[PDB]
């Protein structure tokens, strides 16, 4: 491939980044922000300013990678450093996390990265026999509540009930603890939501006019002191509930305090927060796929469970070809977390589809994942949600290009890489979610709106089996 100069520029000091921020948040939105520049520069690799800039991030300047050939450089731990860039060009204060640099911020060259990721592998493995029954019990209560709400109001707000459900499910599945039996009661979602806001506010819009939003959430960090007592309630819950896991933390050579802050973060931020984005998104996309798809899913799921003597098991799920494919297609079409960063460790040559680009050691690389996973040079019908895309031997090959986990779907997270520690768990619970829907309902209708993180979704009809 021909070597091309990386196009784009960062504009003037101060005002360049501000104008780009306004495009990103207000005047274009993320997807068009990136696509308009791909068109202007005739390139899927270019220089751009990223939020937050201002007084939050020292340096907004990145090289953006917006196709599925160049993007995977971001997984290569021999090419990029992954230290303190979980959230991009700024890092939330460690005051927000008990004074520790939590696992998600650690480069694999740091010894505690290996220890803490092993702790999480253990948490997940040791929960294996509680996941199915607790998911089935907690999500059954959710759909009960949504039917109730639909009957009263003519619509049922998914997110406002499902957030409680997700935390209850995680407390019961991971820690054998029902939050209702603790001092947290039903408060966890509100507590976690406020704390996540204090971490992520520089990257989000809450729909307020820019004249209010810009000085309030886009210019300076929100003070960690204001969420410390809320965080303390969560900390004490984990300290008191995570006993069996903390025994393993002890064997792995992790202090009780460090392990507890990490368990808090993995459960509340990575898992519950990731589920808060994914599940409403899935409901939106599957809803849009229409009633014929719903009926095919119902028929497959119910038939397979019946073939399995009414017992839902991991083996039964392997038989549900459309269900598996629909979950992967949700993850491809709409990656729940769109922003991955890495800093070049050395001089690199990054290949795209039609040219190669040289980057210098120290340059911040950035990828907007949806442009890599809807790359029309890799996927046919790239902008179409195709339920059956991954069905069959040939369909399954394309999974190497599904990147939601910060690595190919065909790869495994390890202590040596920065791929999502909960990769298998996420795919499993997404499957169980679809199963629980279509074992109960033939089809459904939805109303949809925007949310700071993912999607706001109401059910307007739930057609019972």
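Positions refer to the first chain, counted from 1.
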Give the stretch, out of 205-213 and 68-76, with the larger mean C-alpha temperature factor in the deposited entry.
205-213
Tell me which of 274-282 and 176-184 has the higher mean C-alpha B-factor in the deposited entry.
176-184
Per the coordinate record, which of the options 425, 55, 34, 404 holds the highest CA temperature factor?
55
Listed options 325, 126, 267, 369: highest C-alpha B factor recorded at 126
Is the Cα B-factor recorded for residue 291 in the lowest, middle or highest third of its chain?
middle
Would you check the entry's CA temperature factor for residue 409 and let me know if it's in the chain's lowest, middle or highest third?
lowest
Would you please rank residue 5 by its C-alpha temperature factor against the other modelled residues of its chain and give the third it falls in: lowest, middle or highest?
lowest
For the chain shown, is the CA B-factor of residue 218 in the lowest, middle or highest third of its modelled residues?
highest
Residue 339's Cα B-factor: lowest, middle or highest third of the chain?
middle
